Structures are given as C-alpha cells and as structure tokens.
C-alpha cells in the first residue's frame, strides 16, 4: 500500500542503527502517523501476500479475553508460539486487559463492553479508549503490549479509531496490525450502526530489523495493486459472536509472500 511503502522507504532513508532487546539490530525512527480512510478499501498489504487466517483468529482470540495459545493452535495459527510458556500461556496480554482489567479493589473491567455502551449512548465522548498497558501486570506478560492503546471517535455518522503502537516491526508486524484494527473498526461500526471512517496509525519506535533488508528492497520494487473489499456476511448478536466464516475479503490479489525470520 502507498503509505506503507512510504514508511518503509523513510525508515531506510532516515533510520539510525539501534541495538535492540532481541540482539538483532534495527534501523529506527521515532514518531510516525499514517491514515487510512476505510471507505477506499480494506487496508491489506498487496505487495506481499498476507496470511488472513492468522490475522482474523488473532483478533477473535483477543475478543474472547484469551491468553492461551490453544485456540490459535486449534485453528492452525502459530504466530504466538515463541513466547508462550510450557502450558501455552502468555500471561495477561491483550485479551485479558481488553476483557477483564483487574482493579486494585478486586474488580474486573470489560473495556470492550464499556466502549459499546459509550458508542451507543455518548458518541461525542472524547474518552472512548481501550488500553492494554496495565502497569501493575507488565511483569507477568510474556511481551509488553506492542499495540497498546486505541481511541474511537464518531463524527458525521462515521466511526474512526486511532492506535498508539509503542513499537513496530515494519516488515512482519505492521501489515498484521493495520488489517487487524481495520477489521475491529468494521465490526464495531456494524454493531453500532455506523459507517467506517478512518484508521489512524501512530507509531513510537518504528523499525526494520537488520535481517529484513533484502526482503525490504524486494517489496519496495513491487507496485501496489488495488485494495480489496471486506464483506461481513452476517451481523452477529454481539461483538463477541463473529466467526471466521463471517468475513469475506473480495478481490485480494497480492504479489507473492516474502519469508523473513522473526526476532525473539
């Protein structure tokens, strides 16, 4: 996609070499913002084939409040394997904060349901937020939330959302994050009877791993094809009732896939 290849190039032209947790080394920029009008198409990268099955199920997994990779495995999704414990546990990552943020006073907050209530009763609210950065539980998570806080906004009968992604692997991670969030906006909007607006992505440390340079030059030489169209076939009773089979991505014709190693 135009904006994504423009991010890649900018990392190439402006990133400074940085050491990283994984010991891999990256080219890094701090602070970037891009916007996707969802009415133009489903922002799924076309310059490389993206694994939709993985993107969809990770989202559905988050929405169930699950942190065990079992449901993923059941579905042949193996992207969270390197971080899971002996039992397939990741700790209180995404799903748990989204669906049951534990309170000092021993309560559990379902931020997703809170959001639905605000979108249905107070659409102009400037406080419609979901946060996965629960400071009192970071020590228990296998990985700190990469996509860590997002805000919804309604204007003109359209639903928009902004994500703050603190750390972004541009090659592997980004294509997934973008589609994933675009998907959630489409789901929330159907549930709330709104049209989709914009997906605004904001990044903190946005980087290219050093062992993804060939993969990058490769992709940078391909021309973006037209964005597909997302079709949601049925309207579940709740945000918690979508099924993989309810989604249809129409006219996705990507260039071929590019393998790249994941940094652990």
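Residue numbers count along the first chain shown, from 1. C-alpha atoms forming the largest set that superposes within 1.5 Å between two forms make up the rigid core.
Q: Quick check: by Cα RMS after rigid core superposition, does 147 to 155 or 79 to 87 differ more from this form in 6 other deposited structures of this protein?
A: Stretch with the larger root mean square C-alpha distance in 6 other deposited structures of this protein: 79 to 87.
Q: Superpose by the rigid core: which stretch, 65 to 73 or 196 to 204, shows more Cα shift in 6 other deposited structures of this protein?
A: Per-stretch check in 6 other deposited structures of this protein: the more divergent one is 65 to 73.
Q: Check the entry's C-alpha temperature factors for 47 to 55 and 230 to 238, then say which stretch has the higher mean.
A: Result of the comparison: 230 to 238.
Q: Hey, which bit's got the bigger mean C-alpha B factor in the entry, 100 to 108 or 156 to 164?
A: Averaged over C-alpha atoms, the B-factors run higher in 100 to 108.
Q: At the C-alpha atoms, which of 206, 39, 26, 202 reaches the highest B-factor in this entry?
A: 39 has the highest C-alpha B-factor of those listed.
Q: Between 193, 122, 169, 137, which carries the biggest CA temperature factor in the record?
A: Among 193, 122, 169, 137, the PDB entry lists the largest C-alpha B-factor for 193.
Q: Which third of the chain holds residue 88 when residues are ordered by C-alpha B factor: lowest, middle or highest?
A: It belongs to the highest third of the chain when residues are ordered by C-alpha B-factor.
Q: What third of the chain does residue 65 rank in for C-alpha temperature factor, lowest, middle or highest?
A: According to the entry, residue 65 has a C-alpha B-factor in the chain's middle third.
Q: Taking the chain's C-alpha temperature factors as the reference, tell me which third residue 76 falls into: lowest, middle or highest.
A: Highest third of the chain for residue 76's C-alpha B-factor.
Q: Taking the values exactly as deposited, rank residue 33 by C-alpha B-factor within its chain and report the matching third: lowest, middle or highest.
A: Lowest third.
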